[PDB]
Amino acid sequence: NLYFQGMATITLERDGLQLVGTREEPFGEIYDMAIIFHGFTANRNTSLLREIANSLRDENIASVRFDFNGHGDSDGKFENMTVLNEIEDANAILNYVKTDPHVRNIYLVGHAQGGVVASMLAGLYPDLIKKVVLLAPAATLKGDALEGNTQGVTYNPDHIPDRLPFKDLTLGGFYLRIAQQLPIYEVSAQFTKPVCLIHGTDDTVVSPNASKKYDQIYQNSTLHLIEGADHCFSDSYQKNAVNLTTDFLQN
């Protein structure tokens, strides 16, 4: 604001769980603010998200970025996380943001599963959210769950087990049952304001077809396919992802 600028650690509560986040506070009495959502098994302080936050703050756009339940410093077991309760975390964070008296426009920015959170939350709040940036939004998680193959880990999609050993973690059965019937595009499509879609052509984790589909369903969207980029927009690709995001939002 006019008096304080910089970082602070913030904590919110959703259904008895603490959510830990980082706020970047820019100059000025009034400013826009982005809520930035990390992906599946990630956290709020990946290099991509730290750099999005930094780049937006460089343009006087505030941001908050939280660890979802079951991730980073936030409460709850990973086994108990679903995309639905991450949407609930997102709405709790939105509650905090929309009552801040300095905030003018609210933007959502999401990477991967965090992009599914953002897109569905924007379709639930199409009157309140002003712009959305989706980075490699993992809408394919639904089809993957219907097919019985999530990130190479297989199971009967009609007899989902109670819990699924999942690389080094344990993925909840309820995560997969929710994922199969999540109305991702049905809800997301109700957001008719501007959307920026950014997806690496060499993403082997979420097919770039997810972004080509969101681009079809959205009334006012712009698709940026990034030649050769990977799922995480890492290294030599990170700046372009951060640049497109910031430009879209600074307009």
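Heads up: residue numbers just count along the shown sequence, starting at 1. C-alpha atoms forming the largest set that superposes within 1.5 Å between two forms make up the rigid core.
Engineer: Following superposition on the rigid core, is the mean squared CA displacement, expressed as RMS, greater for 174 to 182 or for 161 to 169 in 4 other deposited structures of this protein?
Structural biologist: Result of the core-fitted comparison in 4 other deposited structures of this protein: 161 to 169 deviates more.
Engineer: Comparing average C-alpha B factors as deposited, tell me which of 239 to 247 and 11 to 19 sits higher.
Structural biologist: Here the higher of the two C-alpha B-factor means belongs to 239 to 247.
Engineer: Tell me which of 230 to 238 and 20 to 28 has the higher mean C-alpha B-factor in the deposited entry.
Structural biologist: Looking at the record's C-alpha B-factors, the answer is 230 to 238.
Engineer: Would you mind checking which of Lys130, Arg177, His71, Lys142 has the top Cα temperature factor in the PDB entry?
Structural biologist: Result of the comparison over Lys130, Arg177, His71, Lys142: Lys130.
Engineer: Considering every modelled residue of the chain and its Cα B-factor in the PDB entry, is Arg163 in the lowest, middle or highest third?
Structural biologist: Tercile = middle for this residue's CA B-factor.
Engineer: Looking at the entry's B-factor column for C-alpha atoms only, identify whether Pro157 ranks in the lowest, middle or highest third of its chain.
Structural biologist: As the PDB entry reports it, the C-alpha B-factor of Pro157 lands in the middle third of its chain.
Engineer: Sort the modelled residues of this chain by their C-alpha B factor and say whether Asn105 lands in the lowest, middle or highest third.
Structural biologist: Answer is highest: the recorded C-alpha B-factor places it there.
Engineer: Would you check the entry's CA temperature factor for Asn85 and let me know if it's in the chain's lowest, middle or highest third?
Structural biologist: Tercile = lowest for this residue's CA B-factor.
Engineer: Which third of the chain holds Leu223 when residues are ordered by C-alpha B factor: lowest, middle or highest?
Structural biologist: Highest third - that is where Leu223 ends up once the chain's C-alpha B-factors are sorted.
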